[PDB]
Amino acid sequence: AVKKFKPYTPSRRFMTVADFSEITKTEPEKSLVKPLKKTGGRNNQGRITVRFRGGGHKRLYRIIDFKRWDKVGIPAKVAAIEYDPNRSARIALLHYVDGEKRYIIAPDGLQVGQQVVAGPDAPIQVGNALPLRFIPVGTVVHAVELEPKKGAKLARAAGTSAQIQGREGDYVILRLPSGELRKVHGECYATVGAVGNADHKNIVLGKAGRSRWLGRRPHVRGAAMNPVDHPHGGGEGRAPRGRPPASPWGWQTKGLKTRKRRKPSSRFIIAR
Amino acid sequence: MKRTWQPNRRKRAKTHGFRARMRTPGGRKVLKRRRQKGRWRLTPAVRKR
RNA sequence: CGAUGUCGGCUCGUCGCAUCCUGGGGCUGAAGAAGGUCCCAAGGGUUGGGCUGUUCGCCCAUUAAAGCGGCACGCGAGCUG
RNA sequence: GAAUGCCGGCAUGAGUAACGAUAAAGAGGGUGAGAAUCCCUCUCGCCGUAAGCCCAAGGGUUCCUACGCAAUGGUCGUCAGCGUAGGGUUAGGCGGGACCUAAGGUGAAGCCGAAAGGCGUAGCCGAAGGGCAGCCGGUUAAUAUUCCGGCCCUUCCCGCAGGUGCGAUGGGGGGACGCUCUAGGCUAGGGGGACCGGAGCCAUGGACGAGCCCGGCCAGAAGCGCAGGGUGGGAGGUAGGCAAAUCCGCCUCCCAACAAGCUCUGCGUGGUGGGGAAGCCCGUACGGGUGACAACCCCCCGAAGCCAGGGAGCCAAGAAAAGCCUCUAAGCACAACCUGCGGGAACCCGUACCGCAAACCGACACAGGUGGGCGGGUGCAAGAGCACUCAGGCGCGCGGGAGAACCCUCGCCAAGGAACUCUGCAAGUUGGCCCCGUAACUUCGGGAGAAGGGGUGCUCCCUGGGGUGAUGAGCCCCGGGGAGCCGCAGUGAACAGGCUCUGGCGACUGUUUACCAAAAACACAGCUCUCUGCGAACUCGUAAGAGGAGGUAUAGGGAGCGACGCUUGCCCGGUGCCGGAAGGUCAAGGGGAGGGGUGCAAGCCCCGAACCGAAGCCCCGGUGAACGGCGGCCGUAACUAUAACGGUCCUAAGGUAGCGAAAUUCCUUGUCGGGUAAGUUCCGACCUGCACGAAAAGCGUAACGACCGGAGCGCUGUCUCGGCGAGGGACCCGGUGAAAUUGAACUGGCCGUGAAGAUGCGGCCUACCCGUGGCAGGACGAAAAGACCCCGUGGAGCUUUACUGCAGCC
RNA sequence: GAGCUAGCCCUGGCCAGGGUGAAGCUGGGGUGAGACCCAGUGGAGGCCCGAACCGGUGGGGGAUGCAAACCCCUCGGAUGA
RNA sequence: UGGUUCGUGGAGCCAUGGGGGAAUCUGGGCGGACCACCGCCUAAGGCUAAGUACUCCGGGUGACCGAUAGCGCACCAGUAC
RNA sequence: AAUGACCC
RNA sequence: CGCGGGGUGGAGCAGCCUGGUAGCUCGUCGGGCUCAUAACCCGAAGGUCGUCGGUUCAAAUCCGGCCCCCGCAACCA
RNA sequence: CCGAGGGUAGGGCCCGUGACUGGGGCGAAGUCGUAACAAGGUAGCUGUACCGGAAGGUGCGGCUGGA
RNA sequence: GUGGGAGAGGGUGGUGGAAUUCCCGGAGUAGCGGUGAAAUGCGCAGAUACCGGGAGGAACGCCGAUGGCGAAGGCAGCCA
Ligand SMILES: NC[C@@H]1O[C@H](O[C@H]2[C@@H](O)[C@H](O[C@@H]3[C@@H](O)[C@H](N)C[C@H](N)[C@H]3O[C@H]3O[C@H](CO)[C@@H](O)[C@H](O)[C@H]3N)O[C@@H]2CO)[C@H](N)[C@@H](O)[C@@H]1O
Ligand SMILES: [Mg+2]
Ligand SMILES: [Mg+2]
Ligand SMILES: [Mg+2]
Ligand SMILES: [Mg+2]
Ligand SMILES: [Mg+2]
Ligand SMILES: [Mg+2]
Ligand SMILES: [Mg+2]
Ligand SMILES: [Mg+2]
Ligand SMILES: [Mg+2]
Ligand SMILES: [Mg+2]
Ligand SMILES: [Mg+2]
Ligand SMILES: [Mg+2]
Ligand SMILES: [Mg+2]
Ligand SMILES: [Mg+2]
Ligand SMILES: [Mg+2]
Ligand SMILES: [Mg+2]
Ligand SMILES: [Mg+2]
Ligand SMILES: [Mg+2]
Ligand SMILES: [Mg+2]
Ligand SMILES: [Mg+2]
Ligand SMILES: [Mg+2]
Ligand SMILES: [Mg+2]
Ligand SMILES: [Mg+2]
Ligand SMILES: [Mg+2]
Ligand SMILES: [Mg+2]
Ligand SMILES: [Mg+2]
Ligand SMILES: [Mg+2]
Ligand SMILES: [Mg+2]
Ligand SMILES: [Mg+2]
Ligand SMILES: [Mg+2]
Ligand SMILES: [Mg+2]
Ligand SMILES: [Mg+2]
Ligand SMILES: [Mg+2]
Ligand SMILES: [Mg+2]
Ligand SMILES: [Mg+2]
Ligand SMILES: [Mg+2]
Ligand SMILES: [Mg+2]
Ligand SMILES: [Mg+2]
Ligand SMILES: [Mg+2]
Ligand SMILES: [Mg+2]
Ligand SMILES: [Mg+2]
Ligand SMILES: [Mg+2]
Ligand SMILES: [Mg+2]
Ligand SMILES: [Mg+2]
Ligand SMILES: [Mg+2]
Ligand SMILES: [Mg+2]
Ligand SMILES: [Mg+2]
Ligand SMILES: [Mg+2]
Ligand SMILES: [Mg+2]
Ligand SMILES: [Mg+2]
Ligand SMILES: [Mg+2]
Ligand SMILES: [Mg+2]
Ligand SMILES: [Mg+2]
Ligand SMILES: [Mg+2]
Ligand SMILES: [Mg+2]
Ligand SMILES: [Mg+2]
Ligand SMILES: [Mg+2]
Ligand SMILES: [Mg+2]
Ligand SMILES: [Mg+2]
Ligand SMILES: [Mg+2]
Ligand SMILES: [Mg+2]
Ligand SMILES: [Mg+2]
Ligand SMILES: [Mg+2]
Ligand SMILES: [Mg+2]
Ligand SMILES: [Mg+2]
Ligand SMILES: [Mg+2]
Ligand SMILES: [Mg+2]
Ligand SMILES: [Mg+2]
Ligand SMILES: [Mg+2]
Ligand SMILES: [Mg+2]
Ligand SMILES: [Mg+2]
Ligand SMILES: [Mg+2]
Ligand SMILES: [Mg+2]
Ligand SMILES: [Mg+2]
Ligand SMILES: [Mg+2]
Ligand SMILES: [Mg+2]
Ligand SMILES: [Mg+2]
Ligand SMILES: [Mg+2]
Ligand SMILES: [Mg+2]
Ligand SMILES: [Mg+2]
Ligand SMILES: [Mg+2]
Ligand SMILES: [Mg+2]
Ligand SMILES: [Mg+2]
Ligand SMILES: [Mg+2]
Ligand SMILES: [Mg+2]
Ligand SMILES: [Mg+2]
Ligand SMILES: [Mg+2]
Ligand SMILES: [Mg+2]
Ligand SMILES: [Mg+2]
Ligand SMILES: [Mg+2]
Ligand SMILES: [Mg+2]
Ligand SMILES: [Mg+2]
Ligand SMILES: [Mg+2]
Ligand SMILES: [Mg+2]
Ligand SMILES: [Mg+2]
Ligand SMILES: [Mg+2]
Ligand SMILES: [Mg+2]
Ligand SMILES: [Mg+2]
Ligand SMILES: [Mg+2]
Ligand SMILES: [Mg+2]
Ligand SMILES: [Mg+2]
Ligand SMILES: [Mg+2]
Ligand SMILES: [Mg+2]
Ligand SMILES: [Mg+2]
Ligand SMILES: [Mg+2]
Ligand SMILES: [Mg+2]
Ligand SMILES: [Mg+2]
Ligand SMILES: [Mg+2]
Ligand SMILES: [Mg+2]
Ligand SMILES: [Mg+2]
Ligand SMILES: [Mg+2]
Ligand SMILES: [Mg+2]
Ligand SMILES: [Mg+2]
Ligand SMILES: [Mg+2]
Ligand SMILES: [Mg+2]
Ligand SMILES: [Mg+2]
Ligand SMILES: [Mg+2]
Ligand SMILES: [Mg+2]
Ligand SMILES: [Mg+2]
Ligand SMILES: [Mg+2]
Ligand SMILES: [Mg+2]
Ligand SMILES: [Mg+2]
Ligand SMILES: [Mg+2]
Ligand SMILES: [Mg+2]
Ligand SMILES: [Mg+2]
Ligand SMILES: [Mg+2]
Ligand SMILES: [Mg+2]
Ligand SMILES: [Mg+2]
Ligand SMILES: [Mg+2]
Ligand SMILES: [Mg+2]
Ligand SMILES: [Mg+2]
Ligand SMILES: [Mg+2]
Ligand SMILES: [Mg+2]
Ligand SMILES: [Mg+2]
Ligand SMILES: [Mg+2]
Ligand SMILES: [Mg+2]
Ligand SMILES: [Mg+2]
Ligand SMILES: [Mg+2]
Ligand SMILES: [Mg+2]
Ligand SMILES: [Mg+2]
Ligand SMILES: [Mg+2]
Ligand SMILES: [Mg+2]
Ligand SMILES: [Mg+2]
């Protein structure tokens, strides 16, 4: 839906906030299962190695369930859907009959009170997790494992999915959010449905501060700098570059493919 | 204005203390040099309890 | 070049005369009045504004006239910038 | 004898500048060898959201007392933060440690690295965070939540007494959390009182009066009362909580739905204890006595604090561990644990004084810098603002006269009102509140405090709401109406927008050259390109490892552009990148036709042609929000002028839209029109654009701006054009007393001359010896071994299709 | 050597008093149901005025200074990047 | 690749990171590419006095200093600052 | 695979 | 003032560097197609190569001096 | 008290004029092309959109006022 | 009102085949495209033509009419 504001201030005239109506009466989270201390820090042991990180709201990590094959066969009741500061998506709090409480990343269409479960069994319904094999060709799916028993790694961003395209002996072909065509092992779990919160892309930050709230420090142009700092630094009053556009570290930034050629992963990929 | 000396007993101790110098080869040599020199004070005297 | 601060303005001046005005004079194609033009003469005078950093210049309203030039393109241990 | 030489000593400027905020002083009396400067008293002035008080940091003896003044103090010094000596810092409850965990550090296992060393789950360390039992008074010259008094607590250990399955570093629960706005009831704190207590006081015209003045509090266990916080009770089933569990979790039934009940805080009250003014008298540097058997009561205002884990809303989604409760395991159930009650035990370190400052950071008793808490009263709409002022603390460690110039800070001014100047720079005008009243334009929010106005004091009368109170008096908040008084003037002082029109740039709040640039630069939401399938790309590291990310294409890196509106044309020839299992070239290696050296030979050893050989390059393509680029010359219409039209050369393609003498226009003050009396600026146009142009974006845009340009009104010392007054210096007297500079000096003008600008040489002219206040023209005056310029086979930063390497990638 | 300065990490603190009045809620109105429109409440915002506090805009002083960045007047921000 | 006078040189010897990879006296290395002859040595384990270097320290001597010299310090100096 | 000066 | 590129029939361009021959397109002229004009078709004409000088057997071409034309440069002060 | 009017301040409507600029009407024999009327030599006309000296072309849908 | 009838009337969800294009494998050569005629273009780096597999979007042939439905604009594979 997206919340919109009137221009009672500049920067309030474009600003735009998510709709939280799917956030069920459960705004503060769940101890026990999560949260952990989350360790803010824009850099490695010592030095900054990703520029322009820092500031922005304190967070608690929700330790979510990315391998659903523990509770094969054990169903769970979806108890709530809550805000997760550390991902684009929303998260489902679910209660297993087992007693155990996990969070699943919350797919589009998930309703509270719903039944959900994981395993070879598993009715093909939104919320359920299955090894890729038993899932019908052509159904859209998410939180897909890359290699079996290694955890969900594909399609967890808000409003993303992959579609099952066909099969090939032990592998089923996937079409990933990027549009790539991937052979992913049959035995990999993946949960049916799309991610949801799909209006995430429609949000307009609206002002500088908002950027900072999310811990995004000001990014400065190479043009703004000096020859010591950047290939684009200097010279006089503005300058068009004077070389093929580059990163600060000298590599070209328009076109230069960067995936290493001889990756053994290659023989499992069929697209862009 | 604000000058450059902003005394702190803990800082002076953690920074220039006998135990800091002892911790690394760089520092151990400092004690060696100061000893051979005949320095009355190997490290700065940080006070208080 | 072990430093002579460099435009313009301002402030204060002072000097040259190849005189802008005033005083004296010759010639005039000088009727008179007003001019032209040369010579004598610097004692005093030589306005206020619009534009531009401007010097200069062009305008506006005047004036007896709105002189030219030197003084480290006079003058920053005097000011401005 | 010179090196702007090195070290030291003493000169010159010079009794000169200064003596560190313009808050301010005067006198009388003491002490003393010596008083503007020390003590005391009286008067005056200054601070008072401090210039007062309480903590933290830092400092470390500066605290208190006695004796002292050589030095230290910008003067003096009998004084001191100074010299000499002596004294002073008392804790189970305050803070820190025999408690916990944060970032981070360290680090067993483990990983890595020529060595040194780098990492690293556990653990350990790490605190203004969590945990934790003290309040009110009295005493010292100097310490007290520490000593003492009163009242109140907490831990251990040993006993008895009564309970129960007790029992872990292990399970769960809890601890436990954002921002903004907030209700109810309280406390802190403050105002009023005809009420209560009190020494006293009638002045100078009047008042012996609900007269003036002073004070009417503090703590306090149990128990109560008032607020408020926490929380459901049962019974079964159970596969989860990494062994167990009665615990938690999930499910299913019953009873509550409530704070009803348990509790747990806060506030009142409480046995009791403590304090208790002015004034008056004293002898202290200061405190003492009395006032007192002090009284210790009623209203009102009232928090930002408390009840606290209260409530509502919002998006950016808000530490951990221990203590604590509960569950059980090994064990043990003569142990053990819980509750009550006795007795006993309760260590280590800090405690002085300064602490917005003369004791901390600034070489100084330096006008600068320094985190937290309290910060009273009156008014002005409010307030921590402003004026005065409690408490308290100061008059800033040189003074006395004088009343020139000139300077600083300040006040006023005839007439004129920007004529000043690069510029209204500066300075004035404006100014709070209430009420009228407000345009273009606009993104419908705005522009707006538009502009422009009027009201503002005090008195008396009438009258409307609330709050606390019983529905009432009072006390306290907001209003309305009518008469009336005074002055030049009523936010009568102090605090408190000058306004408008129109361009440029940037959308906007923000950021920046600490110490000459706050901007039109940077950032910014948003737009596009491109890389990246996840052991991601990328960054750091030799590696291990880590960041990215406990993320996963709506995500992450790189690039440019930079809200938004309308748009962003053409060229892929060159360069870059992307795509091409053909082809050409292509190194080590494979291959050996063939040849060479030695041997009597077997042999041993050398070169070495075909041919098989990667990436890279060549070649074939694509690709512009990739690096980039986007022409010339002649002719032509029935007045001239001009050229819709045409020819021709060249390119990879020849600039579209929209702008345009512009932050861009050389010629140039282009040419018309506008503002002016007059306008190289400004605005509107024209287009001959030296040399605009579409994401190094193009043309626009409401709002925004300590940005930059032009205009007008208002107002003025900016000016014509100055004048006067004020205080701080300047000046004279007493005390203290520098500096750069300095070859030596007995240091005049003119015209000359001289290395070409002479006090010093020539000729003349002038001129008695020496100071004080002033002005700066000269001493090519001081200051800095010129910044600019060249020089040096001097040096650095930076760039690239300069050379040559290296990392990195292939 | 990060006790100055730049950034980030952990844990705390601070921001008087006034304005303006977004959403939402509630009531009324409109419709077949709506959209929407009026009140009232509510209290949003890199919103406004203004102390602390953080700055450093213009001018003047200071220039062997009080100060190797100071002082006066004036000005920007002040719930947020 | 390093070492040696040896910088790729006709480049051996000695050491070694990578690849291949023997022999036990009729076995192996060397005598400067290489081959023949003639010789010299016995690799792939280790220890081993003395002659040699140094002067914190003690002594001796000086065509060495004599307090701006001589050590930074003749003096309570790696102190004060 | 273009064009047909003016008025009548 | 400096630099380096340029003047060829009526128009626009080649031809030069490796000296001897001046060629392309348009236009002009004559004829044809058409009722006529243009388009189209067939034939033809047309160039002191800016001037001055000589180098050569011979100069559009090579070399000097001037003259117009175009483009660049004019910086540190 | 009110009050003609004068003054100051800001709006509303209307008239005139303005460098320059936009298209329009009209004016016997100037320029360029051929769009339409015959299947006008690409059926035309149409709304919209883009492009072009100019008529105009093209895309998309539509109409018979064409076969 | 009761009881019936035809229909491409509308909205939502799902689904079928023919064909075009692109990708992959096979087999296969010297030209294919295109027009008034050509050229641009694609193709010896393996094109066009043919077979097998896959991806994907769009529009529904025959039925079909000079037909039906709707207020017009307009409505056409099938299913609910
Ligand atoms: N004529 C009215 C409107 O304007 C235009 O028409 C105007 C012009 O286009 C037209 O110009 C024509 C030209 O088209 C035609 N081919 C040649 C003719 N000589 C010109 O003629 C014009 O100029 C001449 C002299 O100058 C005048 O005398 C004559 O009256 C006038 N019509 O002249 C008209 C002025 O009267 C539109 N084409 C027309 O269709 C439109 O309706
Ligand atoms: Mg690191
Ligand atoms: Mg480290
Ligand atoms: Mg940027
Ligand atoms: Mg820069
Ligand atoms: Mg670089
Ligand atoms: Mg430039
Ligand atoms: Mg360029
Ligand atoms: Mg550049
Ligand atoms: Mg010089
Ligand atoms: Mg000199
Ligand atoms: Mg000098
Ligand atoms: Mg004369
Ligand atoms: Mg005469
Ligand atoms: Mg004169
Ligand atoms: Mg001017
Ligand atoms: Mg003169
Ligand atoms: Mg001159
Ligand atoms: Mg001059
Ligand atoms: Mg001069
Ligand atoms: Mg200047
Ligand atoms: Mg000498
Ligand atoms: Mg000396
Ligand atoms: Mg003197
Ligand atoms: Mg003097
Ligand atoms: Mg003096
Ligand atoms: Mg003083
Ligand atoms: Mg006062
Ligand atoms: Mg002492
Ligand atoms: Mg003392
Ligand atoms: Mg004494
Ligand atoms: Mg003294
Ligand atoms: Mg003392
Ligand atoms: Mg500890
Ligand atoms: Mg370590
Ligand atoms: Mg610990
Ligand atoms: Mg604590
Ligand atoms: Mg304690
Ligand atoms: Mg004390
Ligand atoms: Mg006690
Ligand atoms: Mg138990
Ligand atoms: Mg626990
Ligand atoms: Mg009397
Ligand atoms: Mg009272
Ligand atoms: Mg268990
Ligand atoms: Mg009480
Ligand atoms: Mg008493
Ligand atoms: Mg709450
Ligand atoms: Mg622990
Ligand atoms: Mg102990
Ligand atoms: Mg103490
Ligand atoms: Mg104390
Ligand atoms: Mg303070
Ligand atoms: Mg001070
Ligand atoms: Mg000090
Ligand atoms: Mg002092
Ligand atoms: Mg402060
Ligand atoms: Mg207060
Ligand atoms: Mg008040
Ligand atoms: Mg006020
Ligand atoms: Mg004040
Ligand atoms: Mg005046
Ligand atoms: Mg006057
Ligand atoms: Mg006036
Ligand atoms: Mg003027
Ligand atoms: Mg003037
Ligand atoms: Mg101006
Ligand atoms: Mg001003
Ligand atoms: Mg302006
Ligand atoms: Mg503006
Ligand atoms: Mg800006
Ligand atoms: Mg700053
Ligand atoms: Mg600066
Ligand atoms: Mg600014
Ligand atoms: Mg500045
Ligand atoms: Mg944009
Ligand atoms: Mg990692
Ligand atoms: Mg992570
Ligand atoms: Mg990005
Ligand atoms: Mg930019
Ligand atoms: Mg473009
Ligand atoms: Mg190109
Ligand atoms: Mg290219
Ligand atoms: Mg190409
Ligand atoms: Mg390539
Ligand atoms: Mg080879
Ligand atoms: Mg070989
Ligand atoms: Mg190759
Ligand atoms: Mg122009
Ligand atoms: Mg003009
Ligand atoms: Mg004019
Ligand atoms: Mg203009
Ligand atoms: Mg230009
Ligand atoms: Mg530009
Ligand atoms: Mg561009
Ligand atoms: Mg821009
Ligand atoms: Mg700003
Ligand atoms: Mg600004
Ligand atoms: Mg004056
Ligand atoms: Mg005066
Ligand atoms: Mg005075
Ligand atoms: Mg004196
Ligand atoms: Mg003399
Ligand atoms: Mg001379
Ligand atoms: Mg002499
Ligand atoms: Mg002389
Ligand atoms: Mg004198
Ligand atoms: Mg002088
Ligand atoms: Mg002077
Ligand atoms: Mg001088
Ligand atoms: Mg020099
Ligand atoms: Mg050289
Ligand atoms: Mg720091
Ligand atoms: Mg509302
Ligand atoms: Mg604000
Ligand atoms: Mg403010
Ligand atoms: Mg405060
Ligand atoms: Mg100044
Ligand atoms: Mg301010
Ligand atoms: Mg070698
Ligand atoms: Mg070597
Ligand atoms: Mg060599
Ligand atoms: Mg080896
Ligand atoms: Mg060997
Ligand atoms: Mg060998
Ligand atoms: Mg040998
Ligand atoms: Mg030999
Ligand atoms: Mg040998
Ligand atoms: Mg051996
Ligand atoms: Mg001697
Ligand atoms: Mg010595
Ligand atoms: Mg001696
Ligand atoms: Mg010495
Ligand atoms: Mg024609
Ligand atoms: Mg006629
Ligand atoms: Mg002919
Ligand atoms: Mg220069
Ligand atoms: Mg008009
Ligand atoms: Mg036609
Ligand atoms: Mg047609
Ligand atoms: Mg047509
Ligand atoms: Mg059309
Ligand atoms: Mg077209
Ligand atoms: Mg194929």
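Taken together, the values in this text are just the output of simple stated rules run on the coordinates, not laboratory data. Here Cβ is always computed from backbone atoms with ideal geometry, including for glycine, and neighbour counts include all displayed protein chains.
Listed highest first by mean packing, meaning other Cβ atoms within 10 Å per residue, what order do A:75-82, A:112-119 come in?
The peptides rank, most packed first, as A:75-82, A:112-119.
Sorting A:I173, A:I269 on the 10 Å Cβ count, fewest up front, what's the list?
Numbers: A:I173 19, A:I269 14.
Lowest to highest Cβ neighbour count: A:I269, A:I173.
Of A:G41, A:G255, A:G196, which has the largest mean-square fluctuation in a 10 Å C-alpha GNM of chain A?
A:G255
Under 19 Å Cα-Cα from A:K101, which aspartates and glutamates qualify once same-chain neighbours fewer than 8 residues away are excluded?
Cα-Cα hits under 19 Å: A:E27, A:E29, A:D65, A:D70, A:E82, A:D84.
Just to confirm a number: summing +1 for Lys and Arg and -1 for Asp and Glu over residues other than A:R90 whose beta-carbon lies under 9 angstrom from that of A:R90, what do you get? It would help to have the intermediate numbers written out before the result.
On the way: positive: A:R87; negative: A:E22, A:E82, A:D84.
My count for the surroundings of A:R90 gives -2.
Compute the separation of the alpha-carbon centres of the range A:138-177 and the range A:84-126 and state it in Å as a whole number.
Their Cα centres are 17 Å away from one another.
What distance in nm lies between label points placed 7 Å from Cα along the C-beta direction at A:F20 and A:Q125?
So the two model labels end up 3.0 nm from each other.
Please report how far the C-alpha centroid of the range A:1-63 lies from that of the range B:2-21, rounded to the nearest whole angstrom.
Cα centroid of the range A:1-63 versus Cα centroid of the range B:2-21: 38 Å apart.
Rank A:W69, A:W213, A:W249 by mean-square fluctuation in a GNM of chain A with C-alpha springs under 10 angstrom and give only the top-ranked residue.
Among A:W69, A:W213, A:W249, the largest mean-square fluctuation in the Gaussian network model of chain A belongs to A:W249.
Number of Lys-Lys pairs in chain B under 25 Å by Cα, sequence gap 8 or more or different chains?
So the count of such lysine pairs works out to 11.
Over chain B, what is the relative contact order in whole percent, taking alpha-carbon pairs under 8 Å and six or more residues apart? Intermediate values should be presented prior to the final figure.
Values: 24 pairs, mean separation 19.5, N = 49.
In percent, rounded to a whole number, it is 40.
Please name whichever of A:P75, A:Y8, A:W249 sits farthest to the positive end of the charge dipole of chain A, dipole taken about the Cα centre and charges placed at Cβ: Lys and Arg +1, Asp and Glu -1.
Projecting each Cα onto the dipole axis, the largest value belongs to A:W249.
Across the range A:90-95, in residue order, what do the Karplus-derived ³J(HN,Hα) couplings come to in whole Hz, using 6.51 cos²θ - 1.76 cosθ + 1.60 with θ = phi - 60° and x for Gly and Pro?
Going residue by residue, I get 9, 10, 8, 8, 10, 9 Hz, with x marking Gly and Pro.
For A:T39 and A:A208, FRET efficiency with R0 = 30 Å and r from the beta-carbon atoms, rounded to 0.05? Intermediate results must be reported in sequence, preceding the final value.
Working: r = 26 Å, r/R0 = 0.86.
It comes out at approximately 0.70.
What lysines sit close enough to A:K260 to cross-link, taking a C-alpha to C-alpha distance under 27 Å and skipping anything fewer than 8 places away on the same chain?
Once the sequence-local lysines are set aside, what remains near A:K260 is A:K149, A:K150, A:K153, A:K183.
Suppose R0 equals 45 Å; then what is the FRET efficiency for A:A271 and B:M1 from their Cβ-Cβ distance, rounded to the nearest 0.05? Before the final figure, lay out the partial values.
Values: r = 63 Å, r/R0 = 1.40.
Once rounded, the FRET efficiency stands at 0.10.
Please rank A:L181, A:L93, fewest neighbouring Cβ atoms within 10 Å first, as an exposure proxy. Each step should come with its number before you reach the end.
Working: A:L181 16, A:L93 23.
The most exposed by this proxy come first: A:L181, A:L93.
Comparing A:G99, A:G46, A:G234, which has the greatest mean-square fluctuation in the GNM of chain A with Cα pairs linked when under 10 Å apart?
A:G46
Based on the Cβ-Cβ distance from A:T49 to A:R133, what FRET efficiency comes out when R0 is 35 Å, to the nearest 0.05?
The value I calculate is 0.30.
Using a 10 Å cut-off around each Cβ, can you sort A:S31, A:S161 from fewest to most neighbouring Cβ atoms?
Numbers: A:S31 8, A:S161 23.
Ranking A:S31, A:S161 by Cβ neighbours within 10 Å, fewest first, gives A:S31, A:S161.
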